[PDB]
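*Asks:* The structure under discussion is supplied below as structure tokens; questions concerning it will follow.
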Amino acid sequence: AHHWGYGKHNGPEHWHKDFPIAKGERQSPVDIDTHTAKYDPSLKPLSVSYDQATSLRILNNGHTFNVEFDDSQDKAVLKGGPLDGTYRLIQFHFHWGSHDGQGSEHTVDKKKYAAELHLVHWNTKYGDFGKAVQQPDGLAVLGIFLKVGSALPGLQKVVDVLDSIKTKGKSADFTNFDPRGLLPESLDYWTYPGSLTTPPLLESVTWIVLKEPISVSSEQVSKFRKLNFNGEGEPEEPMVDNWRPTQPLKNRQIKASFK
Ligand SMILES: [Zn+2]
Ligand SMILES: [Zn+2]
Ligand SMILES: [Zn+2]
Ligand SMILES: [Zn+2]
């Protein structure tokens with residue numbers, strides 16, 4: 001029937017009608033309350049190893065845009081922190097708002113940022129992303145907040161290509177992109193067990209949400225909003241507000257990597 005989305009009839013408040021895990025015990029995103037998040041001395045140092053990352057292409061999937069990487073080798077990986085083993089970078093994408101005052105998925109003390117970046121990784125314990133996403137320890141998503149301020153040079157190559165992938169299904173070559181340019185200086189983070197923030201909402205993600213945002217310009221974020229959810233020849237639906245509301249923490253603890 002109708003595929004899920006972010007619109008009035010197919011968006012987040014309705015996803016449970018087809019994906020009942022939406023009301024599960026380990027759903028994402030959540031509010032991160034800084035007064036109750038607790039330092040966990042058992043966390044090991046976090047290793048973000050992106051020196052050899054090979055980007056390939058950028059795709060408008062009708063929900064967001066994904067920048068895909070070659071994940072055939074243990075090169076662009078995340079290790080340490082809360083993770084056991086090695087997690088390969090497969091793609092990143094963003095969530096953003098119809099205006100700068102909303103857009104992020106996670107919140108910090110109920111505050112929203114203009115957008116949120118997700119760097120998606122899968123556990124090489126499993127054969128590939130499709131096998132990993134079915135497992136509780138399968139995925140690790142590095143979440144980074146975008147705050148409006150000065151323009152980010154590391155984002156400019158992304159925003160420059162978006163007019164070539166305006167509608168669902170369009171893709172373009174996207175090579176030689178350095179995802180380190182989308183990282184803040186500090187890797188202090190919060191972590192908790194959660195889920196994909198889109199259908200099928202599987203509870204297979206270890207979330208690692210960095211405390212320090214990256215700064216982007218209002219003009220850069222506005223370029224995100226010129227994408228469309230629809231395919232060519234369908235009524236125009238601007239790609240905005242492609243975020244899920246925060247969900248109940250339930251019986252989970254958000255841990256901090258910092259004292
Ligand atoms: Zn569908
Ligand atoms: Zn609080
Ligand atoms: Zn889809
Ligand atoms: Zn995401």
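Chain lettering (A, B, ...) mirrors the order of the structure tokens, residue numbering begins at 1 for each chain separately, and ligand numbering begins at 1 in order of display.
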Check which residues of chain A sit at most 7 Å from ligand 3 using only C-alpha atoms and all ligand atoms, and return one row each with the closest pair of atoms and their distance in Å to one decimal, ordered by chain and rising number, as JSON lines.

*Replies:*
```
{"residue": "A:3", "atom": "CA", "partner": "ligand 3", "partner_atom_place_in_ligand_line": "1 (Zn)", "distance": 6.6}
{"residue": "A:4", "atom": "CA", "partner": "ligand 3", "partner_atom_place_in_ligand_line": "1 (Zn)", "distance": 6.6}
{"residue": "A:61", "atom": "CA", "partner": "ligand 3", "partner_atom_place_in_ligand_line": "1 (Zn)", "distance": 6.3}
{"residue": "A:62", "atom": "CA", "partner": "ligand 3", "partner_atom_place_in_ligand_line": "1 (Zn)", "distance": 6.3}
{"residue": "A:63", "atom": "CA", "partner": "ligand 3", "partner_atom_place_in_ligand_line": "1 (Zn)", "distance": 6.5}
```

*Asks:* Dump N, CA, C and O atoms for the selected residues as an mmCIF file, in the first residue's frame?

*Replies:*
```
data_model
loop_
_atom_site.group_PDB
_atom_site.id
_atom_site.type_symbol
_atom_site.label_atom_id
_atom_site.label_comp_id
_atom_site.auth_asym_id
_atom_site.auth_seq_id
_atom_site.Cartn_x
_atom_site.Cartn_y
_atom_site.Cartn_z
ATOM 1 N N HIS A 3 3.770 3.704 0.812
ATOM 2 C CA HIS A 3 5.036 3.585 1.517
ATOM 3 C C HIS A 3 5.125 4.666 2.584
ATOM 4 O O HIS A 3 4.587 5.782 2.435
ATOM 5 N N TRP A 4 5.849 4.342 3.655
ATOM 6 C CA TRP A 4 6.011 5.306 4.754
ATOM 7 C C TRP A 4 6.773 6.558 4.323
ATOM 8 O O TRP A 4 7.460 6.593 3.297
ATOM 9 N N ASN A 61 16.673 9.151 -1.504
ATOM 10 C CA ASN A 61 15.863 7.937 -1.325
ATOM 11 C C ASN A 61 14.402 8.249 -1.037
ATOM 12 O O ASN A 61 13.646 7.352 -0.651
ATOM 13 N N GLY A 62 13.996 9.487 -1.283
ATOM 14 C CA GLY A 62 12.620 9.897 -1.032
ATOM 15 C C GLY A 62 12.322 10.200 0.421
ATOM 16 O O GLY A 62 11.158 10.491 0.741
ATOM 17 N N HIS A 63 13.333 10.128 1.296
ATOM 18 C CA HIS A 63 13.207 10.372 2.732
ATOM 19 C C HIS A 63 14.252 11.389 3.134
ATOM 20 O O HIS A 63 13.962 12.346 3.870
#
```

*Asks:* Go through the chains and note each residue within 12 Å of ligand 4, using only C-alpha atoms and all ligand atoms, then give the set as a PyMOL selection string.

*Replies:* chain A and resi 28-29+63-67+91-96+103-106+115-121+140-145+195-199+201+205+207+209+242-244

*Asks:* Using only C-alpha atoms and all ligand atoms, tabulate the residues of chain A lying at most 10 Å from any atom of ligand 2, each with its closest atom pair and that distance in Å to one decimal, by chain and increasing residue number, as JSON lines.

*Replies:*
```
{"residue": "A:31", "atom": "CA", "partner": "ligand 2", "partner_atom_place_in_ligand_line": "1 (Zn)", "distance": 9.8}
{"residue": "A:32", "atom": "CA", "partner": "ligand 2", "partner_atom_place_in_ligand_line": "1 (Zn)", "distance": 8.4}
{"residue": "A:33", "atom": "CA", "partner": "ligand 2", "partner_atom_place_in_ligand_line": "1 (Zn)", "distance": 4.7}
{"residue": "A:34", "atom": "CA", "partner": "ligand 2", "partner_atom_place_in_ligand_line": "1 (Zn)", "distance": 5.5}
{"residue": "A:35", "atom": "CA", "partner": "ligand 2", "partner_atom_place_in_ligand_line": "1 (Zn)", "distance": 4.3}
{"residue": "A:36", "atom": "CA", "partner": "ligand 2", "partner_atom_place_in_ligand_line": "1 (Zn)", "distance": 6.2}
{"residue": "A:37", "atom": "CA", "partner": "ligand 2", "partner_atom_place_in_ligand_line": "1 (Zn)", "distance": 8.7}
{"residue": "A:108", "atom": "CA", "partner": "ligand 2", "partner_atom_place_in_ligand_line": "1 (Zn)", "distance": 9.0}
{"residue": "A:109", "atom": "CA", "partner": "ligand 2", "partner_atom_place_in_ligand_line": "1 (Zn)", "distance": 5.9}
{"residue": "A:110", "atom": "CA", "partner": "ligand 2", "partner_atom_place_in_ligand_line": "1 (Zn)", "distance": 8.9}
```

*Asks:* Excluding range 170-172 of chain A and its own-chain neighbours fewer than 3 positions away, which residues fall within 9 Å of it when counting only C-alpha atoms? Please give them as JSON, numbers by chain.

*Replies:* {"A": [56, 57, 58, 59, 60, 61, 161, 164, 165, 166, 167, 231]}

*Asks:* Could the residues in this selection be written to a file with N, CA, C and O atoms, as a compact mmCIF listing (two decimals), in the first residue's frame?

*Replies:*
```txt
# COMPACT_ATOMS: atom_id res chain seq x y z
N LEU A 56 31.33 6.96 -2.70
CA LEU A 56 30.98 6.55 -4.05
C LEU A 56 29.88 7.39 -4.68
O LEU A 56 30.01 7.77 -5.85
N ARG A 57 28.76 7.58 -3.99
CA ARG A 57 27.59 8.13 -4.65
C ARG A 57 26.66 8.75 -3.61
O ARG A 57 26.77 8.49 -2.39
N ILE A 58 25.77 9.60 -4.10
CA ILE A 58 24.77 10.24 -3.25
C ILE A 58 23.40 9.99 -3.86
O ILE A 58 23.22 10.08 -5.07
N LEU A 59 22.43 9.63 -3.02
CA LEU A 59 21.13 9.16 -3.49
C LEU A 59 20.04 9.89 -2.76
O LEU A 59 20.05 9.94 -1.52
N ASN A 60 19.06 10.41 -3.48
CA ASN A 60 17.82 10.87 -2.84
C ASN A 60 16.90 9.65 -2.72
O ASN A 60 16.46 9.10 -3.74
N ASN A 61 16.67 9.15 -1.50
CA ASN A 61 15.86 7.94 -1.32
C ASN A 61 14.40 8.25 -1.04
O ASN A 61 13.65 7.35 -0.65
N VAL A 161 26.05 19.50 -4.61
CA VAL A 161 25.55 18.44 -5.49
C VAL A 161 24.04 18.23 -5.34
O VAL A 161 23.43 17.54 -6.17
N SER A 164 21.35 18.38 -8.18
CA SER A 164 21.34 17.32 -9.17
C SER A 164 20.57 16.07 -8.73
O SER A 164 20.42 15.14 -9.54
N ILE A 165 20.08 16.04 -7.48
CA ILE A 165 19.33 14.87 -7.01
C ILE A 165 18.03 15.33 -6.35
O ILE A 165 17.69 14.88 -5.25
N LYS A 166 17.26 16.18 -7.05
CA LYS A 166 16.17 16.88 -6.39
C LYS A 166 15.04 15.94 -6.00
O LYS A 166 14.38 16.17 -5.00
N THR A 167 14.76 14.92 -6.82
CA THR A 167 13.60 14.06 -6.58
C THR A 167 13.99 12.62 -6.26
O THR A 167 15.11 12.16 -6.51
N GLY A 231 8.77 11.80 -6.34
CA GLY A 231 9.38 11.55 -7.63
C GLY A 231 8.95 12.56 -8.68
O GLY A 231 7.94 13.25 -8.56
```

*Asks:* From the DSSP assignment of the backbone, select every residue of range 109-183 of chain A that is strand (DSSP E or B), and format the answer as a list in words.

*Replies:*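 These are the residues in question: residues 111, 115, 116, 117, 118, 119, 120, 121, 122, 123, 139, 140, 141, 142, 143, 144, 145, 146, 147, 148, 171, 172 and 173 of chain A.
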
*Asks:* What is the distance, in Å and to one decimal place, between CA of residue 113 in chain A and CA of residue 239 in chain A?

*Replies:*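 These two atoms are separated by 17.2 Å.
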
*Asks:* Would you work out the distance separating CA of residue 129 in chain A from CA of residue 225 in chain A, expressed in Å to one decimal?

*Replies:*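 Separation between CA of residue 129 in chain A and CA of residue 225 in chain A: 28.5 Å.
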
*Asks:* Between A:13, A:18, A:137, A:219, which residue has the minimum interatomic distance to ligand 1, considering only C-alpha atoms and all ligand atoms?

*Replies:*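 Using only C-alpha atoms and all ligand atoms, the shortest distance to ligand 1 belongs to A:18.
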
*Asks:* Which residues come within 6 Å of residue 102 in chain A, counting only C-alpha atoms, excluding same-chain residues fewer than 5 positions away, as a ChimeraX atom specification?

*Replies:* /A:97,112-114

*Asks:* For residue 178 in chain A, which residue out of A:53, A:249, A:46, A:1 is the nearest one, using only C-alpha atoms?

*Replies:* A:53
